[PDB]
Structure formats: structure tokens, C-alpha cells
file target10.pdb (PDB, C-alpha atoms)
ATOM      1  CA  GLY D   1     -19.593 -50.052   6.844  1.00  0.00           C
ATOM      2  CA  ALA D   2     -18.957 -47.265   4.347  1.00  0.00           C
ATOM      3  CA  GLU D   3     -16.178 -47.030   1.761  1.00  0.00           C
ATOM      4  CA  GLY D   4     -14.195 -43.998   0.641  1.00  0.00           C
ATOM      5  CA  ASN D   5     -10.450 -44.032   1.269  1.00  0.00           C
ATOM      6  CA  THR D   6      -9.225 -41.195  -0.948  1.00  0.00           C
ATOM      7  CA  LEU D   7      -5.889 -39.849   0.288  1.00  0.00           C
ATOM      8  CA  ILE D   8      -4.783 -36.535  -1.217  1.00  0.00           C
ATOM      9  CA  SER D   9      -2.507 -33.564  -0.541  1.00  0.00           C
ATOM     10  CA  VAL D  10      -3.396 -29.916  -1.143  1.00  0.00           C
ATOM     11  CA  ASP D  11      -1.372 -26.847  -0.169  1.00  0.00           C
ATOM     12  CA  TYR D  12      -2.410 -23.188  -0.088  1.00  0.00           C
ATOM     13  CA  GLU D  13      -1.520 -19.810   1.414  1.00  0.00           C
ATOM     14  CA  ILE D  14      -4.402 -18.567   3.562  1.00  0.00           C
ATOM     15  CA  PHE D  15      -4.815 -14.787   3.616  1.00  0.00           C
ATOM     16  CA  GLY D  16      -5.782 -12.368   6.371  1.00  0.00           C
ATOM     17  CA  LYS D  17      -3.913 -11.129   9.434  1.00  0.00           C
ATOM     18  CA  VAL D  18      -2.511 -14.562  10.284  1.00  0.00           C
ATOM     19  CA  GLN D  19       1.073 -13.363  10.711  1.00  0.00           C
ATOM     20  CA  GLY D  20       2.697 -12.386  13.994  1.00  0.00           C
ATOM     21  CA  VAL D  21       0.197 -14.247  16.162  1.00  0.00           C
ATOM     22  CA  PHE D  22      -0.142 -17.538  18.037  1.00  0.00           C
ATOM     23  CA  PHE D  23      -2.561 -19.667  16.016  1.00  0.00           C
ATOM     24  CA  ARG D  24      -0.259 -22.414  14.745  1.00  0.00           C
ATOM     25  CA  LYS D  25      -0.464 -23.992  18.201  1.00  0.00           C
ATOM     26  CA  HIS D  26      -4.174 -24.550  17.563  1.00  0.00           C
ATOM     27  CA  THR D  27      -3.799 -25.123  13.821  1.00  0.00           C
ATOM     28  CA  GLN D  28      -2.013 -28.404  14.534  1.00  0.00           C
ATOM     29  CA  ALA D  29      -4.451 -29.340  17.299  1.00  0.00           C
ATOM     30  CA  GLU D  30      -7.568 -29.192  15.125  1.00  0.00           C
ATOM     31  CA  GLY D  31      -5.769 -31.423  12.642  1.00  0.00           C
ATOM     32  CA  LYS D  32      -5.725 -34.163  15.270  1.00  0.00           C
ATOM     33  CA  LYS D  33      -9.507 -34.103  15.679  1.00  0.00           C
ATOM     34  CA  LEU D  34      -9.959 -35.340  12.110  1.00  0.00           C
ATOM     35  CA  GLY D  35      -6.611 -37.076  11.711  1.00  0.00           C
ATOM     36  CA  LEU D  36      -4.826 -35.074   9.025  1.00  0.00           C
ATOM     37  CA  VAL D  37      -1.140 -34.232   8.608  1.00  0.00           C
ATOM     38  CA  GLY D  38       0.960 -31.462   7.097  1.00  0.00           C
ATOM     39  CA  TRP D  39       2.733 -28.350   8.356  1.00  0.00           C
ATOM     40  CA  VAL D  40       2.099 -24.700   9.219  1.00  0.00           C
ATOM     41  CA  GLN D  41       4.338 -21.663   8.751  1.00  0.00           C
ATOM     42  CA  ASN D  42       3.995 -17.945   8.019  1.00  0.00           C
ATOM     43  CA  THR D  43       5.724 -15.989   5.253  1.00  0.00           C
ATOM     44  CA  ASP D  44       7.310 -12.574   4.718  1.00  0.00           C
ATOM     45  CA  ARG D  45       4.425 -11.411   2.527  1.00  0.00           C
ATOM     46  CA  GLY D  46       1.414 -11.594   4.824  1.00  0.00           C
ATOM     47  CA  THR D  47       0.033 -15.120   4.547  1.00  0.00           C
ATOM     48  CA  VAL D  48       0.420 -18.683   5.819  1.00  0.00           C
ATOM     49  CA  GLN D  49       1.347 -21.616   3.583  1.00  0.00           C
ATOM     50  CA  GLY D  50      -0.703 -24.426   5.091  1.00  0.00           C
ATOM     51  CA  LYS D  51      -1.196 -27.904   3.652  1.00  0.00           C
ATOM     52  CA  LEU D  52      -3.935 -30.451   4.349  1.00  0.00           C
ATOM     53  CA  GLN D  53      -2.711 -34.022   3.882  1.00  0.00           C
ATOM     54  CA  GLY D  54      -5.164 -36.852   4.472  1.00  0.00           C
ATOM     55  CA  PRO D  55      -8.442 -38.469   3.363  1.00  0.00           C
ATOM     56  CA  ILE D  56     -10.847 -36.265   1.409  1.00  0.00           C
ATOM     57  CA  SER D  57     -13.592 -37.490   3.738  1.00  0.00           C
ATOM     58  CA  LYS D  58     -12.023 -35.206   6.343  1.00  0.00           C
ATOM     59  CA  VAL D  59     -10.261 -32.682   4.107  1.00  0.00           C
ATOM     60  CA  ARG D  60     -13.652 -31.613   2.759  1.00  0.00           C
ATOM     61  CA  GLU D  61     -14.338 -30.330   6.274  1.00  0.00           C
ATOM     62  CA  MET D  62     -10.819 -29.167   7.134  1.00  0.00           C
ATOM     63  CA  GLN D  63     -10.849 -26.932   4.057  1.00  0.00           C
ATOM     64  CA  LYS D  64     -13.540 -24.869   5.781  1.00  0.00           C
ATOM     65  CA  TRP D  65     -11.902 -24.984   9.212  1.00  0.00           C
ATOM     66  CA  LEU D  66      -9.027 -22.938   7.789  1.00  0.00           C
ATOM     67  CA  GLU D  67     -10.989 -21.031   5.145  1.00  0.00           C
ATOM     68  CA  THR D  68     -13.972 -19.895   7.212  1.00  0.00           C
ATOM     69  CA  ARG D  69     -12.746 -20.766  10.706  1.00  0.00           C
ATOM     70  CA  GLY D  70      -9.326 -20.278  12.269  1.00  0.00           C
ATOM     71  CA  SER D  71      -8.625 -18.555  15.579  1.00  0.00           C
ATOM     72  CA  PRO D  72      -9.738 -15.657  17.815  1.00  0.00           C
ATOM     73  CA  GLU D  73      -6.375 -13.914  17.467  1.00  0.00           C
ATOM     74  CA  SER D  74      -5.714 -14.007  13.722  1.00  0.00           C
ATOM     75  CA  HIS D  75      -8.343 -13.252  11.077  1.00  0.00           C
ATOM     76  CA  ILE D  76      -9.342 -14.576   7.656  1.00  0.00           C
ATOM     77  CA  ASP D  77     -10.796 -12.057   5.205  1.00  0.00           C
ATOM     78  CA  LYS D  78     -10.369 -14.457   2.285  1.00  0.00           C
ATOM     79  CA  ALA D  79      -8.807 -17.778   1.284  1.00  0.00           C
ATOM     80  CA  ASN D  80      -8.429 -20.186  -1.636  1.00  0.00           C
ATOM     81  CA  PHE D  81      -6.800 -23.439  -2.749  1.00  0.00           C
ATOM     82  CA  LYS D  82      -4.113 -24.184  -5.336  1.00  0.00           C
ATOM     83  CA  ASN D  83      -4.416 -27.756  -6.608  1.00  0.00           C
ATOM     84  CA  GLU D  84      -4.979 -30.998  -4.699  1.00  0.00           C
ATOM     85  CA  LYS D  85      -2.957 -34.132  -5.450  1.00  0.00           C
ATOM     86  CA  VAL D  86      -4.150 -37.744  -5.373  1.00  0.00           C
ATOM     87  CA  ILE D  87      -1.540 -39.863  -3.598  1.00  0.00           C
ATOM     88  CA  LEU D  88      -1.406 -43.445  -2.326  1.00  0.00           C
ATOM     89  CA  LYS D  89       0.432 -42.673   0.915  1.00  0.00           C
ATOM     90  CA  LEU D  90       0.902 -39.543   3.024  1.00  0.00           C
ATOM     91  CA  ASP D  91       4.501 -38.320   3.161  1.00  0.00           C
ATOM     92  CA  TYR D  92       3.818 -37.361   6.778  1.00  0.00           C
ATOM     93  CA  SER D  93       2.608 -39.522   9.663  1.00  0.00           C
ATOM     94  CA  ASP D  94       1.408 -36.800  12.033  1.00  0.00           C
ATOM     95  CA  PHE D  95       0.675 -33.067  12.040  1.00  0.00           C
ATOM     96  CA  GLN D  96       3.450 -30.764  13.250  1.00  0.00           C
ATOM     97  CA  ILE D  97       4.279 -27.054  13.368  1.00  0.00           C
ATOM     98  CA  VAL D  98       7.276 -25.496  11.621  1.00  0.00           C
ATOM     99  CA  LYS D  99       9.637 -23.295  13.630  1.00  0.00           C
TER     100      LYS D  99
END
call {"tool": "encode", "arguments": {"input": "target10.pdb", "output": "C-alpha cells"}}
result
Amino acid sequence: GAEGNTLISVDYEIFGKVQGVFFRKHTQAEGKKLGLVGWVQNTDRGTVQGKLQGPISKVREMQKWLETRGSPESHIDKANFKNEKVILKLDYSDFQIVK
């Protein structure tokens, strides 16, 4: 088999018209495909503070799923990251949406 168990945690605030729509429902779904955790929630500025907790092996792909991809409703004109964090264990066990 192959080795590469690097668990990290990076949070960012995606831009674009991702506020006032129904994308979170799918944002948590896609996270199950790979097996990542975290949380999703909009702000009162015009962005969405989303975090990608899990193995880099998957995060490397999830970073594009939210940066380039997203949903048919909302839109993403631009996006960026803040600063990842190398951890030994994920604070969360499963992906969930914030009310």
C-alpha cells in the first residue's frame, strides 16, 4: 500500500455571492465523498468562513472543490487560504453545517 497520513486543519473565507443561498446543504455532502470534517457558515460581510479538516491527501483536492467548484446557486469569483495547521487528531469526527 501507500503511505501518507498527514492530518491538518485550514480555515478560510471564500468570496463570491455565497450568501443568502442554499449551498451549505451540498457543502457538507461533498465533504463526505472524501471524508473530511469542519463546519460551514456565512457572515455579515459577504463571504463564508469554511474550514477543511482532514488528511492532506484529500484536502489537496477539496481546496479546489470550494475554490474553483461550489454550487449552481452561489458563485465564486475568487478565493484564497489563510494558514493550514498540522495536527495529530481532528477536533471534529464528522462534517456538519452551522445554523
call {"tool": "resolve_selection", "arguments": {"input": "target10.pdb", "expression": "the PyMOL selection byres ((chain D and resi 60-67) around 9)", "output": "list in words"}}
result
residues 14, 15, 27, 30, 31, 34, 36, 50, 52, 55, 56, 57, 58, 59, 68, 69, 70, 71, 76, 77, 78, 79, 80 and 81 of chain D
call {"tool": "atom_distance", "arguments": {"input": "target10.pdb", "atom1": "CA of residue 22 (chain D)", "atom2": "CA of residue 51 (chain D)"}}
result
17.8 Å
call {"tool": "residues_around", "arguments": {"input": "target10.pdb", "residues": "residue 44 (chain D)", "least_positions_apart": "4", "cutoff": "12 Å", "atoms": "all atoms listed in the file", "output": "list in words"}}
result
residues 13, 18, 19, 20, 48 and 49 of chain D
call {"tool": "closest_residue", "arguments": {"input": "target10.pdb", "among": "D:29, D:40, D:53, D:46", "to": "residue 86 (chain D)", "atoms": "only C-alpha atoms"}}
result
D:53
call {"tool": "atom_distance", "arguments": {"input": "target10.pdb", "atom1": "CA of residue 2 (chain D)", "atom2": "CA of residue 39 (chain D)"}}
result
29.1 Å
call {"tool": "atom_distance", "arguments": {"input": "target10.pdb", "atom1": "CA of residue 98 (chain D)", "atom2": "CA of residue 41 (chain D)"}}
result
5.6 Å
call {"tool": "closest_residue", "arguments": {"input": "target10.pdb", "among": "D:54, D:85, D:94, D:24", "to": "residue 5 (chain D)", "atoms": "only C-alpha atoms"}}
result
D:54
call {"tool": "closest_residue", "arguments": {"input": "target10.pdb", "among": "D:75, D:89, D:45, D:32", "to": "residue 16 (chain D)", "atoms": "only C-alpha atoms"}}
result
D:75
call {"tool": "closest_residue", "arguments": {"input": "target10.pdb", "among": "D:97, D:84, D:28, D:92", "to": "residue 10 (chain D)", "atoms": "all atoms listed in the file"}}
result
D:84
call {"tool": "closest_residue", "arguments": {"input": "target10.pdb", "among": "D:73, D:1, D:35, D:42", "to": "residue 93 (chain D)", "atoms": "only C-alpha atoms"}}
result
D:35
call {"tool": "closest_residue", "arguments": {"input": "target10.pdb", "among": "D:74, D:37, D:23, D:17", "to": "residue 91 (chain D)", "atoms": "all atoms listed in the file"}}
result
D:37
